[PDB]
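Everything below concerns the one structure shown next.
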Amino acid sequence: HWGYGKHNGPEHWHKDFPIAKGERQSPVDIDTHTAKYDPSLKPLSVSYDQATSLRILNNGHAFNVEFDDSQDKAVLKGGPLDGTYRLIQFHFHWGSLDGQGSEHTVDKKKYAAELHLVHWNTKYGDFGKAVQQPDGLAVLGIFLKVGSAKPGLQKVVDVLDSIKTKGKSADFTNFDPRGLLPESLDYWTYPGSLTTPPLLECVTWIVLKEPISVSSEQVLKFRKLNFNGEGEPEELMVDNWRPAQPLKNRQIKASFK
Ligand SMILES: [Zn+2]
């Protein structure tokens with residue numbers, strides 16, 4: 001099965017998922033000088049006041065915080081988007097060292113980690129149908145750098161010891177994802193894909209310019225997670241990022257000048 005190792009990592013994914021070599025794959029390098037300011041882009045609307053988290057799960061490739069998306073309660077709209085997109089989960093990608101971990105890069109710079117808040121277009125009724133559409137998902141990407149702690153992340157960090165290995169899950173209620181956002185909602189946007197198999201080309205990417213800061217101790221706890229299942233040889237869950245893919249026929253637009 002696919003993963004992030006030498007024999008099953010990103011360079012292998014195309015064998016099971018040929019769209020890996022497609023025309024709108026993610027992530028990409030964001031060349032900030034070539035990104036075009038688009039005055040027609042609207043401010044992003046992030047309405048997370050009623051978000052309701054349900055569970056946290058180690059799926060063998062990341063940990064997902066999964067939300068109750070059965071009502072209109074945590075929505076992303078505006079920006080480049082037409083209509084309303086509902087939050088279903090978030091997860092991170094991170095490195096074995098602070099110098100790598102992000103999937104998107106900015107002028108080739110890698111951040112220590114990257115948060116993905118995954119939303120589906122309500123016009124398609126649920127997530128499974130949305131991923132089959134070219135405008136099915138909107139993923140809000142936020143870079144993490146190591147410095148001061150992010151207090152709003154600590155509740156996540158502190159449950160990780162209970163989901164150390166693949167397949168483990170725990171109840172995880174009342175987590176407020178507003179605590180993971182930076183001050184500014186200035187962003188870049190482009191059309192792309194899921195960055196994990198099945199790599200479907202269904203995502204409008206919205207990548208915030210301002211990173212959040214997390215502490216070294218916080219990211220060190222991410223690195224204690226395992227790719228393997230319980231009672232298997234320990235392989236730390238680190239470097240679970242796909243590298244930048246060819247931009248091909250795409251333009252990255254900036255909401256800011
Ligand atoms: Zn992701």
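Convention: chains lettered A, B, ... in structure tokens order; per-chain residue numbering from 1; ligands numbered from 1 as shown.
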_Applying 7 Å and only C-alpha atoms, which residues near residue 138 of chain A remain after dropping the ones on its own chain fewer than 5 positions away? List them as a PyMOL selection string._
chain A and resi 85+118-120+203-205
*Would you list the residues that come within 9 Å of ligand 1? Count only C-alpha atoms and all ligand atoms and give the answer as a PyMOL selection string.*
chain A and resi 62+90-93+103+114-118+139+141+194-196+241-242
Could you name the residues that touch residue 137 of chain A at 12 Å or less, counting only C-alpha atoms, but leaving out those on the same chain fewer than 4 positions away, as a short mmCIF file (atom, residue, chain, number, x, y, z; two decimals) with N, CA, C and O atoms, in the first residue's frame?
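Final file, result26.cif:
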data_model
loop_
_atom_site.label_atom_id
_atom_site.label_comp_id
_atom_site.auth_asym_id
_atom_site.auth_seq_id
_atom_site.Cartn_x
_atom_site.Cartn_y
_atom_site.Cartn_z
N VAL A 75 -18.22 26.84 7.91
CA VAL A 75 -18.18 27.01 6.47
C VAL A 75 -17.13 27.99 5.99
O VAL A 75 -16.83 29.01 6.63
N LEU A 76 -16.60 27.66 4.82
CA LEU A 76 -15.68 28.50 4.08
C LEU A 76 -16.41 28.97 2.84
O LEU A 76 -17.04 28.17 2.13
N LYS A 77 -16.38 30.28 2.59
CA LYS A 77 -16.97 30.85 1.39
C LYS A 77 -16.21 32.11 1.01
O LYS A 77 -15.22 32.46 1.66
N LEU A 81 -14.07 31.30 -4.14
CA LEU A 81 -15.08 30.25 -4.17
C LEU A 81 -16.45 30.76 -4.61
O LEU A 81 -16.85 31.87 -4.29
N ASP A 82 -17.15 29.90 -5.33
CA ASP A 82 -18.56 30.09 -5.62
C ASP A 82 -19.31 29.16 -4.67
O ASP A 82 -18.99 27.98 -4.56
N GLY A 83 -20.30 29.69 -3.96
CA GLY A 83 -21.06 28.88 -3.04
C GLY A 83 -20.41 28.68 -1.68
O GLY A 83 -19.57 29.47 -1.24
N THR A 84 -20.80 27.59 -1.01
CA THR A 84 -20.43 27.34 0.37
C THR A 84 -19.78 25.97 0.52
O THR A 84 -20.24 24.97 -0.05
N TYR A 85 -18.71 25.92 1.29
CA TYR A 85 -17.99 24.68 1.50
C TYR A 85 -17.95 24.38 2.99
O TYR A 85 -17.68 25.27 3.79
N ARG A 86 -18.23 23.14 3.37
CA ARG A 86 -18.37 22.78 4.76
C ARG A 86 -17.16 22.00 5.27
O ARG A 86 -16.68 21.06 4.62
N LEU A 87 -16.66 22.37 6.45
CA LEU A 87 -15.52 21.71 7.04
C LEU A 87 -15.85 20.26 7.41
O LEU A 87 -16.84 20.00 8.12
N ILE A 88 -15.00 19.34 6.98
CA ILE A 88 -15.13 17.94 7.36
C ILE A 88 -13.99 17.43 8.25
O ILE A 88 -14.21 16.65 9.15
N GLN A 89 -12.75 17.87 8.01
CA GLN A 89 -11.64 17.43 8.84
C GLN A 89 -10.47 18.34 8.62
O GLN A 89 -10.41 19.07 7.62
N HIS A 116 -3.93 21.45 6.83
CA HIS A 116 -4.96 21.41 5.80
C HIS A 116 -6.34 21.28 6.44
O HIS A 116 -6.63 20.28 7.09
N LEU A 117 -7.15 22.31 6.25
CA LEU A 117 -8.56 22.29 6.63
C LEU A 117 -9.36 21.98 5.39
O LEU A 117 -9.37 22.75 4.43
N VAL A 118 -9.98 20.81 5.40
CA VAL A 118 -10.63 20.25 4.21
C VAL A 118 -12.13 20.51 4.26
O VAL A 118 -12.80 20.15 5.24
N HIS A 119 -12.66 21.14 3.20
CA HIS A 119 -14.07 21.51 3.11
C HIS A 119 -14.66 20.98 1.82
O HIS A 119 -13.99 20.99 0.79
N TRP A 120 -15.92 20.58 1.83
CA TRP A 120 -16.59 20.12 0.60
C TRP A 120 -17.75 21.02 0.21
O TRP A 120 -18.45 21.58 1.05
N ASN A 121 -17.95 21.12 -1.10
CA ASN A 121 -18.93 22.00 -1.70
C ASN A 121 -20.32 21.46 -1.44
O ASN A 121 -20.66 20.36 -1.86
N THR A 122 -21.13 22.24 -0.74
CA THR A 122 -22.44 21.75 -0.33
C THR A 122 -23.35 21.45 -1.52
O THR A 122 -24.33 20.72 -1.37
N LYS A 123 -23.04 21.98 -2.70
CA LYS A 123 -23.87 21.68 -3.86
C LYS A 123 -23.81 20.20 -4.26
O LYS A 123 -24.67 19.72 -5.00
N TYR A 124 -22.85 19.47 -3.72
CA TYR A 124 -22.69 18.06 -4.05
C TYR A 124 -23.13 17.11 -2.95
O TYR A 124 -23.00 15.90 -3.08
N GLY A 125 -23.65 17.67 -1.85
CA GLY A 125 -24.38 16.88 -0.87
C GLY A 125 -23.56 16.16 0.19
O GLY A 125 -23.96 16.11 1.36
N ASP A 126 -22.42 15.58 -0.19
CA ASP A 126 -21.48 15.07 0.80
C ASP A 126 -20.09 14.95 0.20
O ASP A 126 -19.88 15.17 -0.99
N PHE A 127 -19.13 14.61 1.06
CA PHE A 127 -17.73 14.60 0.69
C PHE A 127 -17.45 13.60 -0.42
O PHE A 127 -16.71 13.91 -1.34
N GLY A 128 -18.04 12.41 -0.34
CA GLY A 128 -17.72 11.37 -1.31
C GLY A 128 -18.12 11.73 -2.73
O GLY A 128 -17.44 11.37 -3.70
N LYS A 129 -19.23 12.43 -2.88
CA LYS A 129 -19.63 12.91 -4.20
C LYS A 129 -18.82 14.14 -4.61
O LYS A 129 -18.48 14.29 -5.77
N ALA A 130 -18.49 14.99 -3.65
CA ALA A 130 -17.75 16.21 -3.95
C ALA A 130 -16.38 15.90 -4.55
O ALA A 130 -15.96 16.60 -5.46
N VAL A 131 -15.67 14.89 -4.06
CA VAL A 131 -14.32 14.63 -4.56
C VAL A 131 -14.31 14.16 -6.01
O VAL A 131 -13.25 14.13 -6.63
N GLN A 132 -15.48 13.81 -6.54
CA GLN A 132 -15.59 13.44 -7.95
C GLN A 132 -15.85 14.63 -8.86
O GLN A 132 -16.07 14.48 -10.06
N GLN A 133 -15.84 15.83 -8.28
CA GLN A 133 -16.13 17.04 -9.06
C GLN A 133 -14.93 17.97 -9.11
O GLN A 133 -14.16 18.04 -8.16
N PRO A 191 -5.97 26.05 -8.73
CA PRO A 191 -6.68 24.78 -8.85
C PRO A 191 -5.74 23.58 -8.76
O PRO A 191 -4.71 23.57 -9.46
N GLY A 192 -6.07 22.60 -7.94
CA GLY A 192 -5.20 21.45 -7.77
C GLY A 192 -5.92 20.20 -7.31
O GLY A 192 -7.07 19.93 -7.72
N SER A 193 -5.23 19.44 -6.48
CA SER A 193 -5.63 18.08 -6.17
C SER A 193 -5.50 17.75 -4.69
O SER A 193 -4.88 18.49 -3.93
N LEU A 194 -6.05 16.61 -4.30
CA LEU A 194 -5.66 16.00 -3.04
C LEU A 194 -4.16 15.72 -3.13
O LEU A 194 -3.66 15.38 -4.21
N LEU A 200 -7.15 13.01 -6.42
CA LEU A 200 -8.19 13.53 -7.30
C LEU A 200 -8.07 15.03 -7.50
O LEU A 200 -7.77 15.77 -6.57
N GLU A 201 -8.32 15.49 -8.72
CA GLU A 201 -8.15 16.88 -9.11
C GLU A 201 -9.45 17.66 -8.88
O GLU A 201 -10.11 18.12 -9.81
N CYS A 202 -9.77 17.80 -7.60
CA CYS A 202 -11.06 18.31 -7.14
C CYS A 202 -10.94 19.48 -6.18
O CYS A 202 -11.93 19.86 -5.58
N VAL A 203 -9.75 20.05 -6.03
CA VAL A 203 -9.50 21.03 -4.98
C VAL A 203 -9.23 22.44 -5.48
O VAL A 203 -8.38 22.66 -6.34
N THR A 204 -9.95 23.42 -4.93
CA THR A 204 -9.53 24.80 -4.98
C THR A 204 -8.67 25.02 -3.76
O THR A 204 -9.14 24.94 -2.63
N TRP A 205 -7.38 25.26 -3.98
CA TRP A 205 -6.43 25.51 -2.90
C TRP A 205 -6.42 26.97 -2.51
O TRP A 205 -6.36 27.84 -3.37
N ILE A 206 -6.48 27.21 -1.21
CA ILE A 206 -6.37 28.55 -0.65
C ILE A 206 -5.28 28.45 0.41
O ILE A 206 -5.46 27.83 1.44
#
_Exercise: residue 252 of chain A partners within 6 Å, only C-alpha atoms, chain neighbours under 4 positions left out, as a ChimeraX atom specification_ = /A:35,189-190
Write out, as a tab-separated table, each residue of segment 3-111 of chain A that has an atom at most 9 Å from segment 155-173 of chain A, together with the closest pair of atoms and their distance in Å to one decimal, counting only C-alpha atoms, rows going by chain and rising number.
residue	atom	partner	partner_atom	distance
A:52	CA	A:173	CA	6.8
A:53	CA	A:173	CA	4.9
A:54	CA	A:173	CA	5.1
A:55	CA	A:171	CA	4.4
A:56	CA	A:170	CA	5.5
A:57	CA	A:169	CA	4.2
A:58	CA	A:166	CA	5.2
A:59	CA	A:166	CA	5.3
A:60	CA	A:166	CA	4.4
A:61	CA	A:166	CA	8.0
A:62	CA	A:166	CA	8.9
A:63	CA	A:163	CA	8.3
A:65	CA	A:172	CA	7.7
A:66	CA	A:172	CA	8.5
A:67	CA	A:173	CA	8.8
Taking N, CA and C atoms for each residue, export the selection above as an mmCIF file, in the first residue's frame.
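Wrote out03.cif, looks like this:
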data_model
loop_
_atom_site.group_PDB
_atom_site.id
_atom_site.type_symbol
_atom_site.label_atom_id
_atom_site.label_comp_id
_atom_site.auth_asym_id
_atom_site.auth_seq_id
_atom_site.Cartn_x
_atom_site.Cartn_y
_atom_site.Cartn_z
ATOM 1 N N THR A 52 -18.150 21.682 15.177
ATOM 2 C CA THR A 52 -18.303 20.601 16.137
ATOM 3 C C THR A 52 -17.402 19.431 15.782
ATOM 4 N N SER A 53 -16.290 19.273 16.494
ATOM 5 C CA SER A 53 -15.390 18.139 16.256
ATOM 6 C C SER A 53 -15.984 16.861 16.859
ATOM 7 N N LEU A 54 -15.655 15.723 16.259
ATOM 8 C CA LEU A 54 -16.149 14.434 16.748
ATOM 9 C C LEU A 54 -15.051 13.507 17.268
ATOM 10 N N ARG A 55 -14.016 13.279 16.472
ATOM 11 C CA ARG A 55 -13.053 12.237 16.763
ATOM 12 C C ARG A 55 -11.710 12.636 16.166
ATOM 13 N N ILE A 56 -10.644 12.045 16.698
ATOM 14 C CA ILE A 56 -9.317 12.173 16.125
ATOM 15 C C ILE A 56 -8.806 10.758 15.818
ATOM 16 N N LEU A 57 -8.163 10.579 14.665
ATOM 17 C CA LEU A 57 -7.814 9.264 14.174
ATOM 18 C C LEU A 57 -6.414 9.306 13.596
ATOM 19 N N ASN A 58 -5.624 8.289 13.901
ATOM 20 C CA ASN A 58 -4.385 8.025 13.194
ATOM 21 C C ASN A 58 -4.693 7.031 12.066
ATOM 22 N N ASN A 59 -4.623 7.498 10.828
ATOM 23 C CA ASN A 59 -4.957 6.651 9.679
ATOM 24 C C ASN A 59 -3.745 6.020 9.012
ATOM 25 N N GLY A 60 -2.579 6.129 9.642
ATOM 26 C CA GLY A 60 -1.370 5.518 9.122
ATOM 27 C C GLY A 60 -0.566 6.475 8.260
ATOM 28 N N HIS A 61 -1.159 7.617 7.904
ATOM 29 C CA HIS A 61 -0.436 8.640 7.128
ATOM 30 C C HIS A 61 -0.488 10.043 7.709
ATOM 31 N N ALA A 62 -1.444 10.292 8.579
ATOM 32 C CA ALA A 62 -1.521 11.530 9.342
ATOM 33 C C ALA A 62 -2.465 11.259 10.498
ATOM 34 N N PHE A 63 -2.789 12.291 11.251
ATOM 35 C CA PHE A 63 -3.943 12.239 12.129
ATOM 36 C C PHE A 63 -4.989 13.227 11.640
ATOM 37 N N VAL A 65 -8.489 15.245 12.544
ATOM 38 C CA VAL A 65 -9.558 15.688 13.412
ATOM 39 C C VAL A 65 -10.794 15.800 12.535
ATOM 40 N N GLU A 66 -11.766 14.928 12.792
ATOM 41 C CA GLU A 66 -12.982 14.835 11.994
ATOM 42 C C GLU A 66 -14.132 15.566 12.660
ATOM 43 N N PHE A 67 -14.910 16.302 11.858
ATOM 44 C CA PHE A 67 -16.014 17.157 12.319
ATOM 45 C C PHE A 67 -17.371 16.616 11.888
#
*Near residue 234 of chain A, within 10 Å and counting only C-alpha atoms, which residues show up once chain neighbours fewer than 5 positions away are dropped, as a ChimeraX atom specification?*
/A:165,225-229
*asked:* Neighbouring residues of residue 20 of chain A were defined as those with any atom within 9 Å, considering only C-alpha atoms; residues of the same chain fewer than 5 positions away were excluded. Please report them as a PyMOL selection string.
replied: chain A and resi 10+13-15+25+197-200
Please, could you write that set of residues out with N, CA and C atoms as a compact mmCIF listing (two decimals), in the first residue's frame?
# COMPACT_ATOMS: atom_id res chain seq x y z
N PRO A 10 5.94 8.96 -2.63
CA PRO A 10 5.39 9.78 -3.72
C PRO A 10 5.85 9.43 -5.12
N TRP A 13 3.58 6.54 -6.40
CA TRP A 13 2.11 6.63 -6.35
C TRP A 13 1.45 6.52 -7.71
N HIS A 14 2.12 7.00 -8.75
CA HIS A 14 1.54 7.01 -10.10
C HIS A 14 1.16 5.62 -10.62
N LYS A 15 1.79 4.58 -10.09
CA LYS A 15 1.50 3.22 -10.54
C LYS A 15 0.07 2.81 -10.17
N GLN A 25 -1.95 18.74 -10.36
CA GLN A 25 -1.53 18.09 -9.12
C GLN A 25 -0.98 19.06 -8.08
N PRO A 197 -3.13 9.91 -2.19
CA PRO A 197 -4.00 9.07 -3.01
C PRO A 197 -5.41 9.13 -2.45
N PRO A 198 -6.43 9.21 -3.31
CA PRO A 198 -6.39 9.00 -4.77
C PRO A 198 -5.99 10.22 -5.64
N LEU A 199 -5.50 11.29 -5.02
CA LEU A 199 -4.90 12.41 -5.77
C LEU A 199 -5.87 13.09 -6.75
N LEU A 200 -7.15 13.01 -6.42
CA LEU A 200 -8.19 13.53 -7.30
C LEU A 200 -8.07 15.03 -7.50
*Got a sec to tell me which of segment 79-127 of chain A DSSP assigns to strand (DSSP E), as a list in words?*
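DSSP on the backbone gives strand (DSSP E) at residues 84, 85, 86, 87, 88, 89, 90, 91, 92, 93, 94, 105, 106, 113, 114, 115, 116, 117, 118, 119, 120 and 121 of chain A.
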Save out the residues we just selected, N, CA and C atoms, as a short mmCIF file (atom, residue, chain, number, x, y, z; two decimals), in the first residue's frame.
data_model
loop_
_atom_site.label_atom_id
_atom_site.label_comp_id
_atom_site.auth_asym_id
_atom_site.auth_seq_id
_atom_site.Cartn_x
_atom_site.Cartn_y
_atom_site.Cartn_z
N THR A 84 -20.80 27.59 -1.01
CA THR A 84 -20.43 27.34 0.37
C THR A 84 -19.78 25.97 0.52
N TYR A 85 -18.71 25.92 1.29
CA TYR A 85 -17.99 24.68 1.50
C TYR A 85 -17.95 24.38 2.99
N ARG A 86 -18.23 23.14 3.37
CA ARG A 86 -18.37 22.78 4.76
C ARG A 86 -17.16 22.00 5.27
N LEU A 87 -16.66 22.37 6.45
CA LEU A 87 -15.52 21.71 7.04
C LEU A 87 -15.85 20.26 7.41
N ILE A 88 -15.00 19.34 6.98
CA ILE A 88 -15.13 17.94 7.36
C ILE A 88 -13.99 17.43 8.25
N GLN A 89 -12.75 17.87 8.01
CA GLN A 89 -11.64 17.43 8.84
C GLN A 89 -10.47 18.34 8.62
N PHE A 90 -9.53 18.30 9.55
CA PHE A 90 -8.21 18.82 9.30
C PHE A 90 -7.13 17.84 9.68
N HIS A 91 -5.96 18.04 9.11
CA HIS A 91 -4.78 17.22 9.41
C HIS A 91 -3.57 18.06 9.07
N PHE A 92 -2.40 17.53 9.39
CA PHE A 92 -1.13 18.18 9.13
C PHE A 92 -0.21 17.27 8.35
N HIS A 93 0.81 17.91 7.77
CA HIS A 93 1.99 17.24 7.21
C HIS A 93 3.18 17.88 7.90
N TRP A 94 4.18 17.07 8.26
CA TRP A 94 5.35 17.59 8.98
C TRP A 94 6.59 16.78 8.69
N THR A 105 5.44 25.06 -1.00
CA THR A 105 6.63 25.83 -0.66
C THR A 105 6.42 27.26 -1.16
N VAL A 106 7.17 28.20 -0.61
CA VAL A 106 7.05 29.60 -1.00
C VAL A 106 8.43 30.06 -1.46
N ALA A 113 5.87 22.51 8.91
CA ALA A 113 4.67 21.70 8.78
C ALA A 113 3.63 22.51 8.01
N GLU A 114 2.52 21.87 7.69
CA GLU A 114 1.43 22.50 6.96
C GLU A 114 0.12 21.86 7.42
N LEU A 115 -0.82 22.72 7.78
CA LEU A 115 -2.18 22.37 8.18
C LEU A 115 -3.11 22.48 7.00
N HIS A 116 -3.93 21.45 6.83
CA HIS A 116 -4.96 21.41 5.80
C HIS A 116 -6.34 21.28 6.44
N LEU A 117 -7.15 22.31 6.25
CA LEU A 117 -8.56 22.29 6.63
C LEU A 117 -9.36 21.98 5.39
N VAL A 118 -9.98 20.81 5.40
CA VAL A 118 -10.63 20.25 4.21
C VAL A 118 -12.13 20.51 4.26
N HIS A 119 -12.66 21.14 3.20
CA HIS A 119 -14.07 21.51 3.11
C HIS A 119 -14.66 20.98 1.82
N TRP A 120 -15.92 20.58 1.83
CA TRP A 120 -16.59 20.12 0.60
C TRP A 120 -17.75 21.02 0.21
N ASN A 121 -17.95 21.12 -1.10
CA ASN A 121 -18.93 22.00 -1.70
C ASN A 121 -20.32 21.46 -1.44
#
*Which one is closest to residue 27 of chain A: A:64, A:255, A:154, A:102? Count only C-alpha atoms.*
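Smallest separation from residue 27 of chain A among the options: A:102.
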*Which of these residues is nearest to residue 182 of chain A, using only C-alpha atoms: A:140, A:69, A:221, A:29?*
A:140
*asked:* So the first atom is atom CA of residue 246 of chain A and the second is atom CA of residue 22 of chain A; what is the distance between them in Å, to one decimal place?
replied: 9.1 Å
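The space between atom CA of residue 7 of chain A and atom CA of residue 144 of chain A spans 28.0 Å.
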*Which neighbours of residue 145 of chain A fall inside 6 Å, counting only C-alpha atoms, when residues of the same chain fewer than 2 positions from it are skipped, and could you give them as a ChimeraX atom specification?*
/A:111-112,213
I need the residues from that last selection saved to file as a short mmCIF file (atom, residue, chain, number, x, y, z; two decimals), in the first residue's frame (with N, CA and C atoms), if you can.
data_model
loop_
_atom_site.label_atom_id
_atom_site.label_comp_id
_atom_site.auth_asym_id
_atom_site.auth_seq_id
_atom_site.Cartn_x
_atom_site.Cartn_y
_atom_site.Cartn_z
N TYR A 111 8.42 25.00 5.01
CA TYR A 111 8.09 25.22 6.40
C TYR A 111 8.17 23.91 7.18
N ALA A 112 8.16 24.01 8.50
CA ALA A 112 8.23 22.84 9.36
C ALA A 112 7.01 21.93 9.25
N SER A 213 2.93 30.18 14.24
CA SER A 213 4.08 29.68 14.98
C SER A 213 3.62 28.62 15.96
#
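With distances restricted to only C-alpha atoms, A:247 is the closest residue to residue 104 of chain A from A:219, A:247, A:149, A:212.
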*Kindly give the distance, in Å, that separates atom CA of residue 98 of chain A and atom CA of residue 216 of chain A, rounded to a single decimal.*
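Spanning atom CA of residue 98 of chain A to atom CA of residue 216 of chain A is a straight-line distance of 8.3 Å.
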*Choose the residue, out of A:243, A:218, A:107, A:48, that has the smallest atom-to-atom separation from residue 31 of chain A; count only C-alpha atoms.*
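Of A:243, A:218, A:107, A:48, the one nearest residue 31 of chain A, counting only C-alpha atoms, is A:107.
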